[PDB]
Structures are given as C-alpha cells and as structure tokens.
C-alpha cells in the first residue's frame, strides 16, 4: 500500500483520523485528533495491532532495530517514535509529520500495527529517568487504532 489510514478511538472523548502516504523513503502522516487537553501528547506506533484489551494490548513501541526511545529527529529512536502532536485550546490537534523511519511496506511496515495518542507529552528520551528512554513519559493511552490499508 502507498496509503494507509487509522481511526483512533478510546474510552474517553479522544478520537481522530490519521492518514499515511508513502513518498520516497518517507511516510507523510496527516489528519487530526479531537477531544485532547491543550498542549502536547505523545504520538507513537506500537508493535501489535491488538485491541483485545483496549490500547494496552498494543504492546511496546514498534522497535525492530532494538534502540532506545527518542524523538523523530534522533538517530537513536524506536521506529515508532513520531514525537508529539499539539492540541490547541479547542482540543484539536492537526497532525502533520514526514517521517523517514516508518514505512508502509517491507519487513518493518507499520500496517497492521497500532497508532497511539497519549495522555501526557513525550519527553523524547530526555527526561533524565528510565521511563524517559522507553516511553518518554507520555502516560496512559487515550486513543488508538489499527493501521489499515487505504484506497
């Protein structure tokens, strides 16, 4: 697929539609998430597209290369590290990311995996603690969805 889509849903007020498009050796991510508290929220691709137990069953951050948690710009990051999405006072976050590590095909494709938007911001592996270089301290999983093939 050169195109993918993900519908984020959770137990609370957070929902959103995320679009993915392959361009060169990058994936352009677009869309929006509504119902968010003003400010930043971690935005990551988790390993499994398993929603049997809410967003918890999605597992760890997609990390096929076995590296530590970082920000999208860092060389030392998990493939699923897409940084933070920023919500305005109205609680809407317009997503716009161009990532060079995630892919929509091949060994480490993200199709069939889970997109997760977190409760708190992602400190990009710079919080100092140990929960910083594993998840970036983004908190619980507000909404999530399995990444699917799009027309």
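Numbering follows the first chain given and starts at 1. Under this definition, the rigid core comprises the largest set of C-alpha atoms superposing within 1.5 Å between the forms.
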Task: Larger mean CA deviation from the shown form in 6 other deposited structures of this protein [core fit; 103-111 vs 29-37] - done: 103-111
Open item on the list: When the Cα temperature factors in the entry are averaged, is it 17-25 or 134-142 that ends up higher?
Closed with: 134-142
Open item on the list: Please compare 122-130 with 53-61 and name the stretch with the higher mean C-alpha B-factor in the deposited structure.
Closed with: 122-130
Task: Selection by C-alpha B-factor (highest) of 114, 30, 90, 105 - done: 90
Task: Ranked C-alpha temperature factor of residue 109 among modelled chain residues, by third - done: lowest
TODO: For residue 47, return the chain-relative third of its C-alpha B-factor as stated in the PDB record: lowest, middle or highest.
DONE: lowest
